[PDB]
Structures are given as C-alpha cells and as structure tokens.
Amino acid sequence: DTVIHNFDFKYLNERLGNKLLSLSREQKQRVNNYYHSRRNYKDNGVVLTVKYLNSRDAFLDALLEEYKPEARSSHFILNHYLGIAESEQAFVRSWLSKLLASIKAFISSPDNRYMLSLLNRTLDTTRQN
Amino acid sequence: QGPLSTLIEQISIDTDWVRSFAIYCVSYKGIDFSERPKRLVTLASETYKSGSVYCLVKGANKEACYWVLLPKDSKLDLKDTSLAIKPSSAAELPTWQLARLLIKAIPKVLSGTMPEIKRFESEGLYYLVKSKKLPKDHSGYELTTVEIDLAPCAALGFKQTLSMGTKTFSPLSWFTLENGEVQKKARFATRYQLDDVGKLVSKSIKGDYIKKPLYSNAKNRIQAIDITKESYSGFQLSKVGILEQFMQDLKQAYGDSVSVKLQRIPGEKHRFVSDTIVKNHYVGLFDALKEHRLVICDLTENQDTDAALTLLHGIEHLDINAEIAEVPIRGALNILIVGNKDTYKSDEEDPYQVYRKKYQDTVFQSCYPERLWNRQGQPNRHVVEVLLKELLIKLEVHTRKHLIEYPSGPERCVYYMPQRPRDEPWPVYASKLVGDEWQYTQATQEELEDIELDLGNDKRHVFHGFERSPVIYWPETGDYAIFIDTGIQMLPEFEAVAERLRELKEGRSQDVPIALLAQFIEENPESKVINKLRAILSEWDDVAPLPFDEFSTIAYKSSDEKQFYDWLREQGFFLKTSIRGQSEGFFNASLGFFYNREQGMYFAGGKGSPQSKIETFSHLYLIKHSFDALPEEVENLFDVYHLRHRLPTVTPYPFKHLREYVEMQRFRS
Amino acid sequence: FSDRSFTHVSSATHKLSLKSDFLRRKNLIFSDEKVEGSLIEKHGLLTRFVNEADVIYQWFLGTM
DNA sequence: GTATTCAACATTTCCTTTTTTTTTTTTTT
DNA sequence: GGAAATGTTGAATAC
Ligand SMILES: [Mg+2]
C-alpha cells in the first residue's frame, strides 16, 4: 500500500474495474495451506525468536575502552580512532550499539551458524576504522 | 565560602624538594637596548640548543632574566660570554614562576624523559580533546587542545589566574605549497608531536604539527561543562574536565609537593532568575511598540530572498502590526535589510550611511538578510525579538524618556562614556536624568579635567589606552564608579560533579538482575512506577538482566521514581541522580546575578535550570570606586532583562542608552 | 512547475508577465516586482503562454 | 629556530532538534 | 549592519 514504491492500485482498480483480477478468499486459504505444508515449522519444532534492540551506550563504551585500553575516554576513542565527527557521534552510537548487541547475541547462541546484518550503509574500505 | 573561580588562592610548592631539579638564571644584562632585538629572539632557542633543558620562563621585566629548569645533575652551558649564567635556588624565584616551570615540565616528568638530549615542553600543557580529519588527499588531523597555564591578573594586584584557553594544531604538510616549500608563516615555527596514547601535544623538533588552525583566524572552542547524559566520558572532554584531569596530573607527577588551590568568591548575595519572570518582563516589554509606526524595508541590491516578508510575519507573530515599504519613511521606525557593509565600495552606494545621514531625526535599525534563517531555513524568531527590542531602546533614546519601567538608579549622577575616534584625548559623551527626561550632551574639556583629577589612580582606565571604559560620576562629591572585567572565569563545582559522574558510570556499568526488580514490584504496590516496570519486564527476556538503557523511560522526577532509584542504589545500582538541582548548587557560578557589594564584585549567568551543555564561563567583574561603601542604588542598574537577550546583564543600563546615543551622533555630526 | 491541472508553482518570486513591444520586435518577459509569498495573486501571462504552448505541442503529437 | 602581552573579530545563545543520516540499475546513443 | 558577553587568533612587542 504505497505509491512511491509500487503501482497505484487504487487507480488501477478504478480504471480496469474487474479486469484487475484478484484471487479470492478460498484461493488465498488454499495457497496458505499449501505454503504451510511446505514450511511446517510448528509440527517439526522450528522456533522463531524476535528481539527489539535499542541503544546500549554503556555496553558500547565498555567495548570501546577495551579496544583502546590506554586512551582516556570512549568519546575520544570514537572521535579519534574510529573517525567520527561530533555531529555523527550520537547516530553512530545508536546504530553501532544495536548491531554489536545483535552480533554478540548471535555468537553466544549455541548452534546458529549464519548471520546476515542488513544495514543501510555498506561497511567497505571507506569505513575501515 | 562561595562560588569557585579561576583566581588562584594559594600555590604551595616544597622548594627544598626542588633536590629533583637544577635551576639556572640566564641574565642578558650588559648588552645595549639596541642590541636587545638583535640578541634576544634566539636567546630562548640558544638556551634550548645548549643541552637538557626542561623548559624556561621569562622573568619579571625589571629582573631581565630567564629562569631555566634542568635535571638535577645537568649543567647549562652557553658559548656566549656576554650572557651571565649563575645557579639559582628554587626559593629565589617567585612562586607562580616556579609553578609555571613545573606545569610546563609535566609531560616529560610523567614519561621516562627519553635520554635524547632535546626533550622539550617549552610550551605548556596541551590536553588533546577533539580531532578532525583533514579534507581529502591530506593526512593527519586538526588537533583541538586545551592549554593550562598561569598568568598574573590585570585588574587584581599581585594575583594570578589559572587559564584554560583552547589551542588548535594543524599538520605541517597542510601549509606546504605544491612545489614542496612551506608558506611564509609556517617556516621557523615550533613543531609539535601528538602523544602515542593521544593525551598530550608536546613540542618536538621532529614533530609534524604546528600551532595554527586550518584556516586563518578561524576559532575553535571547547565547551565549558558537558553533562548531557551524566556521562563521565563527555565530561572529560570539556574545559572543566580537562581542569580536573590537570589537577590529577599535577599530583601524579610531583606528589603532594606541588599544589594549586583556587579562590572562592565570598557569597554575600546571589539572586536567581526564572524563565517565568523573564517571560513576564518580555510580554509587557513589546507592548510599548504598538503606538508607533514600524516600517520594514528591503534595500539589498538584487532583492532575491523576500526576507522582508519573513520579518513581517515574525513581527505579527508577536502581535505587533507593521508594514512593508519600498523606501524608509521619515519619522517612523525603520528596519533596513541591507547588504553586507564591505561589499559596497562607496559610502553613498550603501543604503546604510545614506538614509542615516538623510533622515537625521529618525530611528533606524538594520539587518542582513541571511540573519533570519536557522540552519534548516526556518525563520529565526530570536533575531526579530532582538531587532524589536533594539528598536525600543533606540526609540527610548530619541524620545528622551523611558517607555517601559526601569529600576531607579542613584540620584545626582552623570554617566560618562569615552568614544573611540592611544594617549590622546577622546570625545566623551554624557547622560543624565533630571526629573523624568534623559539629557544627553557631550562633555566639555573643562569637565574632563575634573573627572581625570578626581579619578585618582584609576584615571588610566578612562583616559588612557585603547578601549577605555565608561564611568559613573557624582559631581557633588567627586566619587566615581568604574565597572571592569577582570577576566576571572567563574567555575562550577567540577570536582564534586566529577565524583558523582564517576559513581554513576560505575553504577550503570552493570545490568539490573530480574530478581531485584521483581522484589521491588512485590514490596511497593502503592508506587506508580510498578506498571512501567511490569511492562518493561514483559517486553524483556526472562533471564537476561535488564540493561540501564531500558530504564530511560522512568525519569528521576516523581517521589515514587526517586524512591525506586534510591532503593536500587541501596541494592547496589546507582543509576540516576540529580546534579542540576539548586539544593546541591553545583551550577551556581553559571546562573543568576551574584553581587558582593562589600567587595565590589559581581557576575551574571544564565537563567532557569542549568543547561546540560554550557559553552562559556561567566567572568568576574570588579567595581573600582572611591566610596567608603558603595551606594545601594548602584546594584539596581543591573535589574534589566532586555539589554542582554532574556538574561541578566553585567553593565548598567544607562550605558546601553548612552552607547546608542553616541551611535546616533555618528551621522548627525 | 505545474501538474497541468492545479498546484502551479513558479521559482520566480515575481509575477512574470509577457509583453509584445512593437517599437522593437520582441516579446519581453518583464518582471513586475511581485513577492513570492503572494502566489495566489493574478495569473500572469508567462505561465499562460507556456501552458498553452504545451497543450498545442501535445495536441500535435496526439494528432500525429 | 623565541616568550609574553594584548587588541580584533568569531561564536553561541537566545520564550530550549537544523533534520535525517544510501546503495543501486538497462538500454540506445 | 541582531545584541551582549565570552573567547581566540594573529600581530606587535620585546625583554
Ligand atoms: Mg546596534
């Protein structure tokens, strides 16, 4: 239900009428049953665990002070060694703490083997610090 | 005693302990005064090249010598026979000079002294605070440091103030031309090294930094106090945090043998200003502008921004009616949005200085059209309040009367202010209150001889030097009052704040176990905090302890919230506290208006609750006067909240009006 | 800017009008000193000319 | 390759966010 | 020429 990222289906329904086909409730139920038969998580014991992570400022600060043990303050470590301007510090502390908390929870898990972070920026050589 | 200042109360040094150093007196006596510029610019550098010098400090001007600090077994040796070198005991130096020597030597006393012969900390301590990456295709950083030094005070006698100025360093390569040569003002400059752990910037002849900004005359600034989230890590990167760090470093390097104690200003009377009182003053203030016609004009060449419409919209937002016009109207209040003054090549091309001389009897105010946008482009309301209040002040000047109520000043007094056209006479203008009309004249030369006679030893502040200061003069008695900025910054209680923030950091380092929170749920059902806590525990996992970042919804305002956090602290989790409260009083000396009548000292600060980030220190102002006791009415002159924008002022209100009168006489004459 | 129905917007603060000078031989887009804020003032001539020219051009393409 | 004093313009605040904070593609010309 | 009040650079001094 977006027109930036999709066709306007309010306009298409006005203009095409019933030439805009739609699979019905019975058909959707049949497709739902078919998809369940191929992805039967519940009868086989697959569990989906969801966490919502906010900023972890103390956790990030402890990690930064471990990264550079003899530096003075974690704000200084962020500025100098990571290369973050004074404007970007709060934003980076926000998006970095969540990423690192998720990574730590992934690693400490016993048998998960394959993580995929999805950020907005790429972590290529332009952000090597 | 009172609020804390950068004025130094006592410098205590165990002189017999300085066993650890050898001090020599380098005397450049004998050589002629003409030979002085020939053979003194390199005297510091010739002393530096001689051997293992820690640092040197230029002595008192009448003594005409350099004090040089060396290791205990080291011996100074210069090849010049004209110079006199004698060993000097540590007790012969003035105490503050010896302290300046020892403050300089701190970086190489903390380290291993690195037996390379050219150790040098000739320039003092520079604590690195911020760094900025250079623009692309350049290496290195722009280092923003805070320098700690002692300087004798100007206004006060035989007293010295500890200073915390910002200093910027830039890489030497930035000032090198493309052909490989460095610029004119980058060659022969002292070169600095950044420490490997990144604390200090110190002198090194192999260094890569010089003490210049990236762009000429550009100013960087370190904020005074930062407590934005009670973060000790952000407190450390402020001037007061650097001062606490320096006080730690001083006793690390020298033990208890060297100590610097700051002075507390005696606290007679300290009144505070609430935002409610300021708003009450301001809403009644603007109402006097209704019964005068206000004109907005836009005389910028190539009118492009239509900022005049923005000014009109902002003015009517404060319910003041105004009209836009193509040209200024004689006899009405006029705002002329003009271009920048330098970009107009001639006076007659500038709208400013033209209608100013044309309409000699008309209130004027000017602005640039960039100065009404924020950084996101929205209208800047503070600018339009400032413009309106400046218009009100100038209208009060022209009408020779007060339009709003002002506190009663002293009776039978004349306000004199010299005007910059330096030991030659200046034009001195006067203001005076008779009945309810303000008179403004220009002082005659017959009067100014009596003023200069009665001012005694203080005549130099008014009749000598660049930027002389205005006076309040009492003609029937010959008594005077001069209001002098001492340059002494007034500090908050930085040590107690530092302890509290360290305790909060230590407390917040732990995550709260679920058992404690469930126990508080069980024990205190009447607390209103319980529902938010249950919601948070429901959202949270069942085993992992709760991080402090989840508590951010629960403030420290309600009594139940305070009881909850105090219970957590009793369980061993010091998570939140109050430091901006007036009960603690840490951020006095940055608030309200302090006024010690007995000593003649006063300062002014912000109003309301202390901001989480404070950018400036309030200076201490001193009242030089000839009274036995200063008249009580003098302190009424500071009870105005519109000379400064919604803030207490540090100059009497008759001097603002007199300044505006002098500014009006620029074009009429 | 114009969506061909409403919500017309012009970068000019002014009311750009369109005048034919027969003393010269020129159509002049001259600027009355109108302010950008009063965009709901009288419809100028330059916008009308551009809209009509667009209509005629698209009419030519459709007729093609 | 000096140290110290000092006068001249910057900066932040203001009846209190500047606002959100990126990488990615086919085809004819 | 937003203001006041604070603050720093560069420059001259300069001992
Ligand atoms: Mg003015």
# chains A, B, ... in the order shown; residues from 1 in each chain; ligands from 1
$ interface_residues --of "chain B" --to "chain C" --cutoff "10 Å" --atoms "only C-alpha atoms" --output "MDAnalysis selection string"
chainID B and resid 303:306 308:310
$ write_last_selection --atoms "N, CA, C and O atoms" --output "compact mmCIF listing (two decimals), in the first residue's frame"
# COMPACT_ATOMS: atom_id res chain seq x y z
N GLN B 303 17.25 42.27 -4.87
CA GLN B 303 16.35 41.68 -3.89
C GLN B 303 15.90 40.30 -4.32
O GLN B 303 15.21 40.14 -5.33
N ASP B 304 16.29 39.29 -3.55
CA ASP B 304 16.15 37.91 -4.00
C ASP B 304 15.39 37.03 -3.02
O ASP B 304 14.61 36.17 -3.43
N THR B 305 15.61 37.24 -1.72
CA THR B 305 15.14 36.28 -0.73
C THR B 305 13.75 36.59 -0.18
O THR B 305 13.14 35.70 0.42
N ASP B 306 13.25 37.81 -0.38
CA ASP B 306 11.99 38.26 0.21
C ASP B 306 11.99 38.06 1.72
O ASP B 306 10.99 37.65 2.32
N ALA B 308 12.01 40.32 3.82
CA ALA B 308 11.15 41.33 4.43
C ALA B 308 9.80 40.73 4.80
O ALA B 308 9.23 41.05 5.85
N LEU B 309 9.27 39.85 3.95
CA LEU B 309 8.04 39.15 4.29
C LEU B 309 8.21 38.29 5.53
O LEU B 309 7.31 38.21 6.37
N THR B 310 9.37 37.64 5.67
CA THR B 310 9.65 36.85 6.87
C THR B 310 9.70 37.72 8.11
O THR B 310 9.17 37.35 9.16
$ interface_residues --of "chain B" --to "chain D" --cutoff "7 Å" --atoms "only C-alpha atoms (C1' of nucleotides)" --output "CSV table (one decimal) with N, CA and C atoms, in the first residue's frame"
chain,number,residue,atom,x,y,z
B,41,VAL,N,65.8,37.3,20.5
B,41,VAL,CA,64.9,36.4,19.8
B,41,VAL,C,65.4,35.0,19.7
B,42,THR,N,66.7,34.8,19.7
B,42,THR,CA,67.3,33.5,19.7
B,42,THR,C,67.8,33.1,21.0
B,43,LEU,N,67.7,33.9,22.0
B,43,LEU,CA,68.3,33.6,23.4
B,43,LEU,C,67.5,32.4,23.9
B,44,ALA,N,66.2,32.4,23.8
B,44,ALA,CA,65.4,31.2,24.2
B,44,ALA,C,65.9,30.0,23.4
B,45,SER,N,66.1,30.1,22.1
B,45,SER,CA,66.5,29.0,21.3
B,45,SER,C,67.9,28.6,21.5
B,58,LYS,N,60.4,33.4,31.1
B,58,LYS,CA,61.0,34.7,31.1
B,58,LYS,C,60.6,35.4,32.4
B,188,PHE,N,60.1,28.2,10.3
B,188,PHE,CA,60.6,28.6,11.5
B,188,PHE,C,59.6,28.6,12.7
B,219,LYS,N,38.4,30.2,14.6
B,219,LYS,CA,38.3,30.0,16.1
B,219,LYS,C,37.6,28.6,16.3
B,279,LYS,N,9.7,35.9,31.0
B,279,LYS,CA,8.6,36.0,30.0
B,279,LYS,C,7.6,37.0,30.4
B,374,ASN,N,17.4,29.8,10.3
B,374,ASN,CA,18.1,28.8,11.0
B,374,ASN,C,18.9,28.0,10.0
B,375,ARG,N,19.7,27.0,10.5
B,375,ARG,CA,20.4,26.2,9.6
B,375,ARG,C,19.5,25.3,8.8
B,376,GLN,N,18.3,25.1,9.2
B,376,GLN,CA,17.3,24.4,8.4
B,376,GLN,C,16.4,25.3,7.6
B,382,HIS,N,14.4,34.6,17.4
B,382,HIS,CA,15.2,35.4,18.4
B,382,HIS,C,15.8,36.6,17.7
B,645,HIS,N,19.8,39.5,25.8
B,645,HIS,CA,18.6,38.8,25.3
B,645,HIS,C,18.1,37.8,26.4
$ select_by_dssp --residues "range 12-87 of chain A" --states "helix (DSSP H, G or I)" --output "ChimeraX atom specification"
/A:12-16,25-38,57-67,74-80
$ residues_near_ligand --ligand "ligand 1" --cutoff "8 Å" --atoms "only C-alpha atoms (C1' of nucleotides) and all ligand atoms" --output "list in words"
residues 365, 366, 390, 660 and 663 of chain B; 1, 2 and 3 of chain E
$ atom_distance --atom1 "CA of residue 6 in chain A" --atom2 "CA of residue 2 in chain C"
23.5 Å
$ closest_atom_pairs --of "chain B" --to "chain E" --cutoff "6 Å" --atoms "only C-alpha atoms (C1' of nucleotides)" --output "tab-separated table"
residue	atom	partner	partner_atom	distance
B:217	CA	E:9	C1'	5.0
B:219	CA	E:8	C1'	5.9
B:366	CA	E:1	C1'	5.6
B:367	CA	E:1	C1'	5.6
B:383	CA	E:2	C1'	5.4
B:386	CA	E:2	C1'	5.5
B:387	CA	E:2	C1'	5.8
B:644	CA	E:4	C1'	5.3
$ closest_atom_pairs --of "chain A" --to "chain D" --cutoff "12 Å" --atoms "only C-alpha atoms (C1' of nucleotides)" --output "tab-separated table"
residue	atom	partner	partner_atom	distance
A:87	CA	D:21	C1'	10.0
A:88	CA	D:21	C1'	8.1
A:89	CA	D:21	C1'	11.1
A:90	CA	D:21	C1'	10.7
A:91	CA	D:21	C1'	7.5
A:92	CA	D:21	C1'	9.4
A:94	CA	D:21	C1'	11.5
A:95	CA	D:21	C1'	10.6
A:119	CA	D:22	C1'	9.9
A:120	CA	D:22	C1'	6.2
A:121	CA	D:22	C1'	6.1
A:122	CA	D:23	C1'	7.9
A:123	CA	D:23	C1'	11.6
$ residues_around --residues "residue 560 in chain B" --least-positions-apart "2" --cutoff "10 Å" --atoms "only C-alpha atoms (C1' of nucleotides)" --output "VMD selection string"
chain B and resid 524 526 to 530 556 to 558 562 to 566
$ write_last_selection --atoms "C-alpha atoms" --output "short mmCIF file (atom, residue, chain, number, x, y, z; two decimals), in the first residue's frame"
data_model
loop_
_atom_site.label_atom_id
_atom_site.label_comp_id
_atom_site.auth_asym_id
_atom_site.auth_seq_id
_atom_site.Cartn_x
_atom_site.Cartn_y
_atom_site.Cartn_z
CA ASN B 524 5.83 -1.48 46.92
CA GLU B 526 1.47 1.79 46.01
CA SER B 527 4.26 3.14 43.79
CA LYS B 528 3.12 4.27 40.36
CA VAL B 529 6.43 3.11 38.86
CA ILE B 530 5.27 -0.51 39.10
CA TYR B 556 14.01 10.95 38.24
CA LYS B 557 11.22 13.47 38.84
CA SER B 558 8.40 11.92 40.86
CA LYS B 562 13.12 8.84 43.31
CA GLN B 563 12.19 6.20 45.88
CA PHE B 564 12.60 3.47 43.25
CA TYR B 565 16.02 4.68 42.17
CA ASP B 566 17.18 5.18 45.76
#
$ select_by_dssp --residues "range 13-46 of chain C" --states "strand (DSSP E)" --output "list in words"
residues 15, 16, 17, 18, 19, 20, 21, 26, 27, 28, 29, 30, 31 and 32 of chain C
$ write_last_selection --atoms "N, CA, C and O atoms" --output "mmCIF file, in the first residue's frame"
data_model
loop_
_atom_site.group_PDB
_atom_site.id
_atom_site.type_symbol
_atom_site.label_atom_id
_atom_site.label_comp_id
_atom_site.auth_asym_id
_atom_site.auth_seq_id
_atom_site.Cartn_x
_atom_site.Cartn_y
_atom_site.Cartn_z
ATOM 1 N N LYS C 15 5.708 38.222 -10.518
ATOM 2 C CA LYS C 15 4.679 37.883 -11.494
ATOM 3 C C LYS C 15 5.250 38.128 -12.888
ATOM 4 O O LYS C 15 5.146 39.208 -13.472
ATOM 5 N N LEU C 16 5.884 37.098 -13.418
ATOM 6 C CA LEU C 16 6.452 37.216 -14.746
ATOM 7 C C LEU C 16 5.343 37.320 -15.774
ATOM 8 O O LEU C 16 4.551 36.393 -15.949
ATOM 9 N N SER C 17 5.296 38.461 -16.446
ATOM 10 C CA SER C 17 4.291 38.746 -17.448
ATOM 11 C C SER C 17 4.962 38.777 -18.808
ATOM 12 O O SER C 17 6.186 38.743 -18.918
ATOM 13 N N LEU C 18 4.144 38.830 -19.850
ATOM 14 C CA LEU C 18 4.632 38.678 -21.217
ATOM 15 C C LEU C 18 4.040 39.802 -22.058
ATOM 16 O O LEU C 18 2.822 39.891 -22.220
ATOM 17 N N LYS C 19 4.905 40.652 -22.591
ATOM 18 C CA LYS C 19 4.509 41.872 -23.277
ATOM 19 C C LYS C 19 5.124 41.894 -24.667
ATOM 20 O O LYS C 19 6.297 41.549 -24.832
ATOM 21 N N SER C 20 4.339 42.294 -25.662
ATOM 22 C CA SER C 20 4.828 42.426 -27.030
ATOM 23 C C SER C 20 5.130 43.891 -27.307
ATOM 24 O O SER C 20 4.227 44.730 -27.298
ATOM 25 N N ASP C 21 6.396 44.199 -27.562
ATOM 26 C CA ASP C 21 6.822 45.554 -27.875
ATOM 27 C C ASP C 21 6.950 45.684 -29.384
ATOM 28 O O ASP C 21 7.859 45.104 -29.981
ATOM 29 N N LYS C 26 9.999 42.313 -30.348
ATOM 30 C CA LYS C 26 10.363 41.411 -29.275
ATOM 31 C C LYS C 26 9.163 41.174 -28.384
ATOM 32 O O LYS C 26 8.337 42.062 -28.177
ATOM 33 N N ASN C 27 9.084 39.968 -27.856
ATOM 34 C CA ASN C 27 8.182 39.648 -26.769
ATOM 35 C C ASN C 27 9.017 39.594 -25.504
ATOM 36 O O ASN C 27 9.970 38.817 -25.422
ATOM 37 N N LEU C 28 8.678 40.426 -24.532
ATOM 38 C CA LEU C 28 9.538 40.652 -23.383
ATOM 39 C C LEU C 28 8.922 40.016 -22.150
ATOM 40 O O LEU C 28 7.767 40.288 -21.817
ATOM 41 N N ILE C 29 9.692 39.158 -21.488
ATOM 42 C CA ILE C 29 9.303 38.562 -20.217
ATOM 43 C C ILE C 29 9.802 39.504 -19.129
ATOM 44 O O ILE C 29 10.932 39.385 -18.658
ATOM 45 N N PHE C 30 8.971 40.459 -18.740
ATOM 46 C CA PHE C 30 9.376 41.504 -17.816
ATOM 47 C C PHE C 30 8.844 41.197 -16.430
ATOM 48 O O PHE C 30 7.830 40.514 -16.279
ATOM 49 N N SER C 31 9.539 41.710 -15.421
ATOM 50 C CA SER C 31 9.273 41.323 -14.041
ATOM 51 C C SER C 31 8.621 42.477 -13.288
ATOM 52 O O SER C 31 9.250 43.467 -12.918
ATOM 53 N N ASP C 32 7.320 42.325 -13.056
ATOM 54 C CA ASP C 32 6.674 43.120 -12.020
ATOM 55 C C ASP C 32 7.295 42.704 -10.695
ATOM 56 O O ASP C 32 7.799 41.586 -10.580
#
$ atom_distance --atom1 "CA of residue 590 in chain B" --atom2 "CA of residue 127 in chain B"
23.9 Å
$ residues_around --residues "residue 173 in chain B" --least-positions-apart "5" --cutoff "12 Å" --atoms "only C-alpha atoms (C1' of nucleotides)" --output "JSON, numbers by chain"
{"B": [134, 137, 138, 139, 140, 141, 142, 178, 179, 180, 181, 182, 183, 186, 187, 191, 207, 208, 209, 210, 214]}
$ write_last_selection --atoms "C-alpha atoms" --output "PDB file, in the first residue's frame"
ATOM      1  CA  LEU B 134      41.739  16.718   7.208  1.00  0.00           C
ATOM      2  CA  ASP B 137      44.005  13.875  -0.181  1.00  0.00           C
ATOM      3  CA  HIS B 138      45.584  15.097   3.073  1.00  0.00           C
ATOM      4  CA  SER B 139      46.837  13.090   6.026  1.00  0.00           C
ATOM      5  CA  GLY B 140      46.851  13.932   9.703  1.00  0.00           C
ATOM      6  CA  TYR B 141      44.241  15.637  11.833  1.00  0.00           C
ATOM      7  CA  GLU B 142      43.334  19.049  13.128  1.00  0.00           C
ATOM      8  CA  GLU B 178      52.633  22.152  -4.075  1.00  0.00           C
ATOM      9  CA  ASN B 179      56.257  22.665  -5.135  1.00  0.00           C
ATOM     10  CA  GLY B 180      57.418  21.372  -1.739  1.00  0.00           C
ATOM     11  CA  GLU B 181      58.120  24.622   0.109  1.00  0.00           C
ATOM     12  CA  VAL B 182      56.223  25.731   3.204  1.00  0.00           C
ATOM     13  CA  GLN B 183      54.487  29.085   3.468  1.00  0.00           C
ATOM     14  CA  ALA B 186      54.783  28.179   8.627  1.00  0.00           C
ATOM     15  CA  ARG B 187      58.573  28.159   8.367  1.00  0.00           C
ATOM     16  CA  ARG B 191      56.758  21.938  15.822  1.00  0.00           C
ATOM     17  CA  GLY B 207      57.119  16.989  15.157  1.00  0.00           C
ATOM     18  CA  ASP B 208      54.516  17.048  12.424  1.00  0.00           C
ATOM     19  CA  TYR B 209      52.156  19.693  13.827  1.00  0.00           C
ATOM     20  CA  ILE B 210      52.411  23.452  14.165  1.00  0.00           C
ATOM     21  CA  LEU B 214      43.469  25.139   9.131  1.00  0.00           C
TER      22      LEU B 214
END
$ atom_distance --atom1 "CA of residue 229 in chain B" --atom2 "CA of residue 613 in chain B"
10.0 Å
$ interface_residues --of "chain B" --to "chain A" --cutoff "10 Å" --atoms "only C-alpha atoms" --output "ChimeraX atom specification"
/B:128-133,141,143,196-199,231-237,505-506,508-511,539-541,547-550
